[PDB]
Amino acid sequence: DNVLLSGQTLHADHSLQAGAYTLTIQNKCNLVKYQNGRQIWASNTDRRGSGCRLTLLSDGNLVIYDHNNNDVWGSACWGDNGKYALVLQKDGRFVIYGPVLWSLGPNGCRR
């Protein structure tokens, strides 16, 4: 419940949860991180659209999407096109992990 692989989505009001941090993409577009329930950070895009959703792009970029797919917000950072993983940690940082480095099977090791 605390990970979100690239191509996946956190629908409206859905959240990631790790330990005591809850990162929620609210329906009205503001991504909010709580700690035990009290807000502590937020993308400050409340009202910027509605039926909002958070998604991790295949190039590691993180973007909040409108229900009309407008790009409300975004981590504005992209690396090689591949597959990434956003993980909310038990310390509150929600991090995006570079493209895939290893995996079992035939090529599965970008070096």
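Residues carry their position along the shown sequence, with the first being 1.
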Mean C-alpha B-factor comparison - 69-77 and 55-63, higher one:
69-77
Ranked by mean Cα B-factor in the entry, 14-22 and 84-92, top stretch is 14-22
Is the Cα B-factor recorded for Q35 in the lowest, middle or highest third of its chain?
highest
Can you work out whether the C-alpha temperature factor of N107 puts it in the lowest, middle or highest third of the chain?
highest
